[PDB]
């Protein structure tokens, strides 16, 4: 007996799209791209209020000794961001049952372009620029719930970074962690409800959500 949530909120740039590959190509090396994207995630975590996405990506690059122009290579290769295997299949399988929303730490300009790569008519796309704060601040997630008119207990969150676990816990969003590259959980972060290296197990998890 199906028990779908009323909505599913998604992290975009780690849970649905393979940003790691594009950031590594822009960096010139897998090691530089790893340091760069790890520093970027820590900067958004400690930012709180929105500072331009482009400025934080550029600051993360300088902080780890990448050339500052790596940010400009990443913007030039933005259309190369590929959906993970199973991402488009998951979203299409949820469409008749749940409202679908993106909650992304990105500018409105690049966030909307990346959201469009999944070929889905998203009900809501919330960027940190529109929300005025970066996740894990509660505002971006709460803005997606307030736009849909739903309480958090009727919605699920699909995360790609363990930093989202701080925010989903605070808002009351039960979370499935699509942890493809096997990141560790940040210190002090609560465990996800479900966690897997692929997106396929998210569909049975969401189908049994209210059961």
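Residue numbers count along the first chain shown, from 1.
A summary of the deposited B-factors shows that, of 17 to 25 and 183 to 191, the stretch with the larger mean C-alpha value is 183 to 191. Of the two segments examined, 196 to 204 and 7 to 15, it is 196 to 204 that shows the higher average Cα temperature factor in the deposited entry.
Remark: of 159, 43, 32, 155, 43 shows the highest value [criterion: C-alpha B-factor in the PDB entry]. When the modelled residues of the chain are ordered by their C-alpha B factor, residue 165 lands in the middle third.
Among all modelled residues in this chain, the alpha-carbon of residue 57 has a temperature factor (C-alpha) in the lowest third. In this PDB entry, residue 90 carries a Cα temperature factor that places it within the middle third of its chain's modelled residues. Compared with the other modelled residues of the chain, the Cα B-factor recorded for residue 68 ranks in the highest third. Looking at the C-alpha B-factors along this chain, the one for residue 121 belongs to the highest third.
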